[PDB]
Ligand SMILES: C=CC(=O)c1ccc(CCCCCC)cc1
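Only one chain is included here, represented as structure tokens and corresponding to the form deposited without this ligand.
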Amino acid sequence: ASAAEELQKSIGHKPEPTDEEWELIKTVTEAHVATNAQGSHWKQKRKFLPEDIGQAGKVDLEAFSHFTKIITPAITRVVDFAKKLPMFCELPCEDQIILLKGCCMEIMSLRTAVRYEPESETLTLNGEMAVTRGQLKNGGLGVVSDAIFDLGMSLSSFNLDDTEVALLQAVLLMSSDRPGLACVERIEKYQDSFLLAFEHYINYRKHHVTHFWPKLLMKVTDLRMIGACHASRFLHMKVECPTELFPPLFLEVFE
């Protein structure tokens, strides 16, 4: 189980998901697939943003406007993902907003990075709007745009499926280091159940890529970095752009 994990590996075998883990895996996957804008066919049904909005330095009002106008639906799908996870529900109100505010940008940026399109060198926001590096940058994200784009390009080789993306989200969600958490121990035990099932799913997947698990975990910290760096970007925006231009849900998640 969680203990018999050493010998098994120490002899050279890689345990695949136990039956209990297979259920957790299906729960997390369904939760993700059901709340991910579009699905399978997300890329023929997407519109590029006119090459003039991104103004191809103050934040470009037009881009910021187009981006903030569709941010509420994005945040909402993240809360929805969390709600479909039994472990999340087993936590106190106080802790739940904490976890959500903490992983929101981490998960959202993962969802747009995983949909990087190398042909047109674009990322797609909310499954509809496809933007370029500069557009997203000038829209208000600054270097965050570069971070997500670089993550996206690197992720191409990982060939992640819905389950792997879902498990990543689950690991980001259950972060017991968020300041102000009450149930630090319980939340850490949950992230452990996810990481254990995740690693096992990876052994079952058999990616023809060396040290997949470790490299994959490094992406975790990058997403955490993208989030922390976005919070700063948020302060840079609250000092230029006016409040009226900040969707109420967008304001409560990041401040």
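In this text, residue numbers run from 1 along the sequence as written.
Just so it is clear, the following notes concern the form deposited with this ligand bound, a form of the same protein that is not shown.
For this chain, the superposed copy of this ligand, brought over from its placement in the deposited complex, stays clear of the backbone and C-beta atoms by more than 2.4 Å at every atom, so the pocket is open. In summary, among the residues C183, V79, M153, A130, the only one with a non-hydrogen atom within 4.5 Å of this ligand in the deposited complex is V79.
Taking non-hydrogen atoms only, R178 never approaches this ligand to within 4.5 angstroms in the deposited complex. Looking at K84, you'd find every heavy atom of it more than 4.5 angstroms from this ligand in the deposited complex. The partner is not shown here, but in the deposited complex the stretch 221-255 reaches within 4.5 angstroms of this ligand through a heavy atom at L249, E252, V253.
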